[PDB]
């Protein structure tokens, strides 16, 4: 009875919870695994452009420098991926 958009939001929370530790936050090796497992085509587009997105993603998104990615910082990471796909839809190259 949920719509495609509601299922996508619910699945986003469930995806976060595949990778969290017991403090409900994602550490660095688990964040890189999450990216490889869930955004491999995005990552491959970046590599084609000469960008290794995994070299700096944790440092860029761990905004409070606690060495963990909490749910708010995870939303910001999904917002960056979504913003790259929105620029592509307007004719930008991937991973711009």
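Positions refer to the first chain, counted from 1.
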Name the higher of the two by mean Cα B-factor in the PDB entry, 17 to 25 versus 73 to 81.
17 to 25
Comparing mean C-alpha B factor in the record for 84 to 92 and 8 to 16, the higher one is 84 to 92
Looking at the C-alpha B-factor of residue 60, is it in the lowest, middle or highest third of its chain?
lowest
Which third, lowest, middle or highest, does the C-alpha temperature factor of residue 45 belong to within its own chain?
highest
